[PDB]
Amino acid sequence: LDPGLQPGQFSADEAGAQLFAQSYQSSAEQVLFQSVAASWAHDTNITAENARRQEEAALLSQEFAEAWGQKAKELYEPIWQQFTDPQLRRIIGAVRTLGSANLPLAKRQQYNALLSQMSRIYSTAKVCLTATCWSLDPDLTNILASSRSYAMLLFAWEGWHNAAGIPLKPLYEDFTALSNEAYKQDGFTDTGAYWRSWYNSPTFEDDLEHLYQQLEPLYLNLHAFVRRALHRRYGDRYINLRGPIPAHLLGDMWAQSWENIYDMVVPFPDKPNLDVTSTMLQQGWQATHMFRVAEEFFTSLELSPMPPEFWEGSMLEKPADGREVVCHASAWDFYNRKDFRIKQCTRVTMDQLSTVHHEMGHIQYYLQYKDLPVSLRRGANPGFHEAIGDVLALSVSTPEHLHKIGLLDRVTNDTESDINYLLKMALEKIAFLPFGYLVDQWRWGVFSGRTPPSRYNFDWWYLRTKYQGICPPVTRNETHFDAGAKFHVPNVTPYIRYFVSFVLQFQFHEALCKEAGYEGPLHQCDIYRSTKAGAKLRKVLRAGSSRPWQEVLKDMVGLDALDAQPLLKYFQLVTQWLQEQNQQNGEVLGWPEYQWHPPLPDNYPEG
């Protein structure tokens, strides 16, 4: 380990602590860069060596956090909570939380090594038919999004969940135990309590539950409307109009957003096709076009363009050489104020264009706070980081903006078109809310011990049925580990940030649309080229995590807390139209036949 990274001696008061933080931030950048660098080398090129090197960097990060956490505890443990500087209090409190650095060396290794193997299992798992084999991205993704054959969707869903989940379960149990051991020594009951602490809100869970209560009626009506369409397509044998929807029919491996079945549920298919994918292909869009168009939206707001290091270093397409990569999209900050990259196996589709904006939102954030000290190089909270790119994508997806960028012949500003659009947006945003809420409900119960290995799948499907109103299309038992077939579980990425951001982004949109001078319906707003909006947004991004998110938020939108009303205001028209459609069809809202599962196809898996 480098002496130049080990902590110096500082006076045991706030003045010495202010110098202590500078020296910490100084050396942390070198440590963070070598960790990010090695993760990148592995994720863009999965090999045992790159895994080894990634784990060495992880160990080194842990030695660094140990030394500096120790020093901080011996110097300021009794006095840092009383400092006047609140940003210093933030920094110090962070440094004294050692996480996996609380582990002994032998368990530090095992922990670092589980992450490598869980990541490899997920990102290299394949579904084989009988020579060739399908990967999740693009093969199974495209099947789930476009196939309307019940048996083919089933084969892809079952094959994926079996291939990814079953091998992960034994590893995930070991990881959970080690993670908990680590964070207990920081004073957390369990890792989940640490994750939740990032929101600095004593009533976090209660506040989330109250939000979900306001949003659930919207989901239930969307659910019932979509269920009716699936009933017509697949028959009474496979769809129960009073039961949960089979989990493989909603356009997505995790049933988590439904925009890919828009063409099965669009009420007015004569009107312009608001899925512009066919046009993007007809026009010959490529990955680089998509990132350049996203970039230009950011620069239209007088935010920063992507630096040369981004274009030279990013991986914007799935490699064609015989290489295995983590295709799950990600945005990378190397903590050197120079290098920022996206790794995305970009496909030419409309929902990938949204993803491009999402990931570039992360980069923009990185660029706007790169001069802050490291500990503040985060979103106000993790939900803020996830909302930035999605907010811009709300403007991009409006039919008026799509027209501006040549992807849609201008649509009539009528009601059939307004409903078509808000419905597509509901499929993308409202359908996600139960899933965004339930994933960390599951993981919080695993970390707390409420959900032992013996109930991993039982409790996962309890939650999936409770919240999303779906059911597995084949029988599952505790040999299956269906939570593990979702990227964020083996890759240990928390999820509640996405529930937070799916609500928050509509608060941001409203603030920015009002600040842009817009006045029509909130869902037709396009903040493109509004430099006033760009300024309001730029203030948030530069704040990093220096001020409480409740303060940053108050400055931007007028409230200091999450609020569903902007979301509700955005969807008002289709919320009403959906209720009417379901009443006219005599739908039951919900899934009272909660035990119901569909039958197998006759010749399955044959033919």
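Numbers for residues come from their place in the sequence shown, where the first is 1. We call the rigid core whatever largest set of C-alpha positions still superposes within 1.5 Å between the two forms.
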Checklist outcome for this item: Between 102-110 and 77-85, the one drifting more in C-alpha RMS in 5 other deposited structures of this protein once the core is aligned is 77-85
Checklist outcome for this item: Of the two stretches 257-265 and 87-95, CA positions deviate more in 5 other deposited structures of this protein after rigid core alignment for 87-95
Next on the checklist: Across the other PDB entries of this protein that model residues on both sides of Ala131, is it left without coordinates in at least a third of them?
Outcome noted: yes
Checklist entry - Are any deposited residues left out of the model between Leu129 and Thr130, and how many (none, 1 to 3, 4 to 9, 10 or more)? => result 1 to 3
Item to check | Stretch with the higher entry mean CA B-factor, where the candidates are 206-214 and 426-434 | outcome: 206-214
Item to check | Residue stretch of maximal mean CA temperature factor, 549-557 vs 42-50 | outcome: 549-557
Checklist entry - With respect to the C-alpha temperature factors reported in the PDB entry, which of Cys133, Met253, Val265, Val348 ranks highest? => result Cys133
Checklist entry - Out of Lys343, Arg89, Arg455, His401, which one has a C-alpha B factor higher than all the others in the entry? => result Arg89
Checklist entry - Taking the C-alpha B-factors as the PDB entry records them, is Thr415 in the lowest, middle or highest third of its chain? => result highest
Checklist entry - Based on the entry's values, in what third of the chain does the Cα temperature factor of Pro592 lie: lowest, middle or highest? => result lowest
Next on the checklist: Is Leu568 in the lowest, middle or highest third of its chain when residues are ranked by C-alpha B-factor?
Outcome noted: middle
Item to check | Entry-reported Cα temperature factor of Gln282, expressed as the chain third it lands in | outcome: highest
Checklist entry - Lowest, middle or highest third: where is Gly192 by C-alpha B factor in its chain? => result lowest
